[PDB]
Ligand SMILES: Cc1ncc(C[n+]2csc(CCOP(=O)(O)OP(=O)(O)O)c2C)c(N)n1
Ligand SMILES: Cc1ncc(C[n+]2csc(CCOP(=O)(O)OP(=O)(O)O)c2C)c(N)n1
Ligand SMILES: [Mg+2]
Ligand SMILES: [Mg+2]
């Protein structure tokens, strides 16, 4: 930790290249429009919300960047990737409006998007696909997302895929936000990877929402200490130009002592007093310091500002940041929250108008008018000139990539569609599918396999010799090894999954990890990924409650699909066979990176259990994609039922079908459900449409088109709701669901499948139970089956176990 | 960073108090039993799994702690809270066995616990309620959990609730694990809070699972750098005693230079070589370093050891941490991953026994026999004597608290059961309920309100003056303000929610935050909380997709209940009225902290929208707890339907009921469903039981004891699945569910409820459609309704919008 003063002394401060007076005129108009937008919204009295205080404290920081640093998307690259702090969006909108990129009607529709011509509260690409790029409002995700975005850009350059050398990633953060574990939890990574293309800009106004970050301390010093300790280049922008003479004249060095010893709480109090209170309680602490401003008027003392408000001090920091190599830079900008709002936190409106000399007359002020700069005016000319010299305007977004990829055909995965000689798993199938992709000339180098330390567990080792591990193991390595860091891996996956838009360079990531540590552990990022229109694959390996049998409670995943189904644009599958994996992966590739360019990403749970992999039935392709297809029909004269299974449990439902036929003469239709969720969604869509078109013939859910009315039983390696979600659409009077509800525990797969009541014996008992209630068989038959199969009818419900 | 040598010089380390030779014998026996336990498991060939290399590298560290530091639960306090590293559990089981706390049958049942007498793969209290205490296998959670556990102990002392001054929180971490953002993301909090009762013990074997943490770097230096920068006291245990002489004689300082410059990857290569190799490649780097061991034999050089394997160096480090005040201490213990096993890292284990001089011939090794010390032996006596001096054995756990609390009665919440004077929200109802509890003499001071910065947003600011904010706003403050850190707040919540077990001091936490940032953002901790038997309340504020209307995409929660239902012991409610909030909170209090002491925690979504709060219907209490009750029946001669709603949408479902009656003559039964999830679980439990007892009287789902067979419509502020989950149990042929599927966006509540097709008009159209289907009304009536209500039947599905 250094002294509580600017890192860059004035004698090392470069000359400011812009027109300070003109830029201030433009900046005031932006401040005004940002405030007008939020105020007009509040007048509606519709609890729309919107902030003003934050942007007022960081406006000048962004202004200097827009005028002298921010590089817009261009022919060579996607320009600088700016992770704008979420709630300062009104300021971004105000500037875009001034630049003529947004209309007054859009500003007037701030926070009213449903009808189409509005603006999102925060940066949401999904809602404004041509404007916003990075979802930052969920605090903490922006800083780590930015770290890996910068790492990914280095990756593209090192891989020889794209020269991203002129791109800088800017993460605009709040000091309170730095408390989120993900904000500083991965900063050492920037040092390990020498991310000199990453700049953290922490707005240090010393306050969070309901108070100071650390009133009894100094968060700027806390931030400096840990970032410095993490190997980052720390640049503190503490005081404005007005303090320079005072510091120079301070021979006793007592002023510096005073600045260092004062805590955030005290500074904040001076922040709400007056020049007299300052010279009295601040400078008046020591005669050396008190004498420094003795010949100063209370108004000249109150004029002393914080560095984050001085364009000159700001410029120096960003210039130094862009020159620095070998490590990432973090700029700690000292600002005043709610700057220039005085009474804040119609007289208030008049105050800001006067405060920033806004060109609005008393006659118009009541109209809460937006300010514009006429073409030909000095402001208009300068505003556009600076941007033009920096390649255009930002933020802006390209929804689709331009190049045409020559994707592998399903036939290219032919081997996976055939019966397998050796017993393998769906994870082995996944790896083989990847290998097929690594042979496709058009996308082989666009593939981005990602692992979180463990590769052997998922049989990814074979890939190492083929494409290697990115380790700028060398700079050309293709696989991203992020270590024990699922969130970090997810962020690399996200950067890769959205490269098609950000860099107009489609990259196809495949991140495989323990399924449990997916949505459950990085769920907020997965939701943000949907918002960011990510197109890639998330592979939940070692999935299924009973399948990762020895690991127990915190590893056995029987619910990730319940978490994944909450994301609108995530398509989830739980294949049982190798050929399904192939079909699903091929379809995903085509949908996301083929002509369609569908904005959706995939989640495929794979297994670590080997078993016989049969050949794909002819014509089953569509059913596999849709989510269900009839595997086969087993004859039986004493009864008829339908059996459904997915994942590792399907082969057990198949065993039950054979038992039912052989021991009870009960026939059955056996279905492989590759996706209960896609089926549920299709069903909901049909019912929704039917409800809205009462005069039309009811549409039929696909699952209802595949199934019949015979009593049905479904068993999965997931909690019952996973299969129960399609109940409404199953055309059968009876539909019993077996599932793995309850906490996992360590044991053999056989013991766990009996414990969770999902194995063959339970499926059989469930099936016989339905046939009994229909009179087709006597109840003693099921009671005898229960005894026969060593089933404990009175063991505690697994959910409670 | 400091030089790559021990922090504590030899002339500064205290005399080792233990019997080195005796301790090694005991340690070797533990090492043996641990290996045997895992080997016998693998023999079964049931893919049970289990690790050995990790415990081998940290075995000595734990041994010194068990012999001289770890305080077991005692009459005065819960003892030291040790977050044992998850996968080294075999070593803990081995010691427990040697202490006579576990039987041979239990060790032989390692990772096979379904039938009872077995052992969990890792620390899982839910599975082993009297043994394990803190779930640490999901890496990254243990370090944050520990930080907040330490802070909570400070809190209990400062609040005058319990003298926890004699307790120390030890977090045993892996170095690879430190890459998880959660691992270092909150370490500055330990400094802010001067957590000198917290000790992080990082096993620095330099390797994660598939490779080194940072092969071309120095992970220990990285760790020292950021922790030191965060204000922690860092103690490096680098080299064993054999190095002291070498370091002392080297007047050139070259050995230190050599140690500093050598990277992790090279040190690891040495480990796989021999004395000659080290002599040449390490000491041979410089003539001065070569000269230090010139008179040494290669064997002597090979004997040079890493500090983390030397009891004297380890002891010195833990003793110094014990003396350090003002902040937390991190011990960086340098170890060898595949320590003993070496070449390994059934008979090949003789190499293990040879190097650790294990008493067992190569004739009985194939038998993989366990080693035990008979009562009276020098080892047995020493083993127990050291533990007795430290108050007993650990880990151990107390499932229930001993004191009886005098909980408030429901009548104490009487004011909340009456009609409210003004329109309020369920969040205001929640705060008023908390106030009732704060008046109860028995639990007032055991309550732990927790917020993450935002308090005013949840109307919590009023409590700030009554009970204050914990700030050691003073050391007596009752409210925990954890800032913008949901994971941290969750960890404080967890520490409080499990104090009843850990300190035999029940504390009742109420953590309120933006519902979206609950399970979605800290879901892995919520799962771990269930495993830890947490008993507390999670309050998801500003919940419901359409209710937090202006916030948009990353704030509008219409799915947290879908995530919460995946946790077996989490009880979730989505109340619409203030009286329901009261009944639910009182019941939760009674269930968790009353005589029942049920191991479950509560999740209650509350709202930021005010509306009329009617009085509770007489006798509706149990129905509220169970999940559903009939509000009223409206007469109608043209038809009859059932209408269900929860949360903020219920009042709109009631509006629909009035419309149907007044405009279409359609009568209805209106139900408030306080918990679709509890109703779903009840139904699942009933059918499970029924199918398991085919000859007995079938149990009827609770929801089927409330609803009838008339066509039904349900609508909530959550995705359709939230209400569709009870389909199988709804005793009606038609059950249409409306929901908020799709990403949120900014607008008025009215526009969002129409966009998400959940408002009164959609409920009406849904109900009429059902009637039209059964010919009770003309299809034209439904079509006409759609037109009248300005419903766009061809609007894109909200899920895809
Ligand atoms: C994960 C998450 N939690 C909580 C919030 C709610 N929130 C909005 S503004 C705010 C405080 C902002 O403080 P800081 O990060 O210091 O930024 P400032 O506005 O002062 O620039 C909070 C907690 C959020 N957006 N995301
Ligand atoms: C969140 C999470 N991700 C992955 C794993 C799988 N895992 C088990 S052991 C291991 C490596 C452990 O390395 P380290 O933390 O360095 O400890 P060591 O075993 O070397 O002492 C991993 C990644 C886990 N337990 N938790
Ligand atoms: Mg701030
Ligand atoms: Mg390690």
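The residue numbers of chain B are those assigned by Swiss-Prot, with the residues present covering 57-401, 415-541, 559-887 sequentially.
Header lists the method as X-ray crystallography, 1.9 Å.
From the backbone N, Cα and C atoms, a Cβ is placed for every residue, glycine too.
Copied from Swiss-Prot, the annotated features are:
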- B:231, B:261, B:263: Mg(2+) binding site (BINDING)
- B:716: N6-acetyllysine (MOD_RES)
*Can you grab the distance between C-alpha atoms at residue B:401 and residue B:415 for me, in Å and as a whole number, given the 13 missing residues?*
15
*In the same chain, which residues outside the set B:231, B:261, B:263 have their CB within 8 A of the centroid of the CB atoms that define the Mg(2+) site?*
B:113, B:230, B:232, B:259, B:260, B:262, B:264, B:268, B:269, B:275, B:391, B:393
*Could you state the CA-to-CA distance between residue B:261 (Mg(2+) binding site) and residue B:716 (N6-acetyllysine) to the nearest Å?*
63
*Which of the three DSSP states, helix, strand or coil, fits residue B:261 (Mg(2+) binding site)?*
coil
*If one measures from the C-alpha of residue B:716 (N6-acetyllysine) to the C-alpha of residue B:231 (Mg(2+) binding site), what distance in angstrom results, rounded to a whole number?*
57
*Where the model skips 17 residues between residue B:541 and residue B:559, distance between their Cα atoms in Å*: 8
*With an 8 Å cut-off on Cβ-Cβ distance and a minimum sequence separation of at least 6, pull the same-chain contacts of residue B:263 (Mg(2+) binding site), or say none.*
B:231, B:232, B:269, B:324, B:393
